[PDB]
Every structure is written in structure tokens, then in C-alpha cells.
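A lone chain, given as C-alpha cells: the form deposited in one PDB entry.
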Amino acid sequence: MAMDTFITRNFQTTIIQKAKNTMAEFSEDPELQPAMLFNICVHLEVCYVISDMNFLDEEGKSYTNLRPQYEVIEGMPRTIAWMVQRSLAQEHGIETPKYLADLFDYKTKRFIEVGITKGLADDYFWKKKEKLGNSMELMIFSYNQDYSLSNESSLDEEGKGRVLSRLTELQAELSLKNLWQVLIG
């Protein structure tokens, strides 16, 4: 039971193809980098869990007529993603961040960096913060039901819970299949 089989059984094809495309863009081979493949898949999966469950009307009121609260920037070629990020910044009268974000939040008009860690969410928050400063909001999640967020009006309680349930579900299935070892190494 190898990582490639695991990925096929546990991720949607849209997620898998975007992850593999990203790896190919950076000249990395999914067959030779199975930990990396899983990590990219789960990160993109989280971006979509967040984007697929959060909506706005014209007033800007939240629901779980409607438009998505978030646009996913991750999982497209960087040539395209830079156009998207600059376009969204300029459209909303905000600075274009110098780093390529993961999401754009139409509610708050902020870019978001998503981080997944097998360590302490806090620690990873502060690493990304040291680099990104005030340029973007941060959403950091761990496998052990921890998280660290940079602002009040970002993800709600149910959204936090759904991200964390999914990560916990994936870790459980990896451990069941003796593949969690692969990520630790």
C-alpha cells in the first residue's frame, strides 16, 4: 500500500491533478517525492474546504444571490496565479503582496496564507509571520486539532472544525495504512 495508491483513494481528482502540476512546475517527481505529494494535496484540499463552505451576499453577510467568500490562488501555475493576485489586489484597491498567497478573502479584502504543520500550530504561525509580516493573513492548522489564525473575522467555528476534522481523518487513515511514518521522515 504505497502513497500513490493512498492519494488516489483519499483525494478528489481535481486536487491530485493540481498537486502533481505544481510539483511538475517545480521539477519534482511525485513518484520520488511521495511525502511532498501528500503534503501538497492536503494543503490544496484545505484551501478548497475553506473555499467551498463559505459564502457572501451583496451586503457582505456570511452563509455556509450567493458568491464565494474566498478565491483559491494555490493550485494554478504561478504565471497565472500572479496575474490573479495582482488583478484581485488592484480591483479591491489594496497592495499586491510581494509573496504569492493561497487564498483571497473577498469579505475582508485580504490575501491569506494557509499553513499545515505536524508540529505546534503556534510555532509555524510565527515562522510564516517573520517572513510575511502584515502583508497577508495566516491560517495555520495542525494534525493534532490545533490552529493559529491572524485575525478575528477569518474562518468561523464550524470552518475551523471542518478543516481540523479533515486533517485528523487523513492522519487516521495514513496511520491505519502505515504511511504516517513517511511524513514524519
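From 1 onward, residues are counted along the sequence shown.
One more form of this protein, solved in complex with a partner chain, exists but is not displayed; see below.
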item	value
Listed residue (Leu56, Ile116, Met36, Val49) with a non-hydrogen atom within 4.5 angstroms of the partner chain in the bound PDB entry	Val49
Segment assignment from 41 to 49, 25 to 33, 126 to 134, 151 to 159: heavy atom within 4.5 Å of the partner chain in the bound PDB entry	41 to 49
Non-hydrogen atom contact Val84 with the partner chain in the bound PDB entry at 4.5 angstroms	yes
Contact flag, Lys20 vs the partner chain in the bound PDB entry, heavy atom cut 4.5 Å	no
Any non-hydrogen atom of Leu100 within 4.5 angstroms of the partner chain in the bound PDB entry	no
Residue contact check: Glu74 to the partner chain in the bound PDB entry, 4.5 Å heavy atom	yes
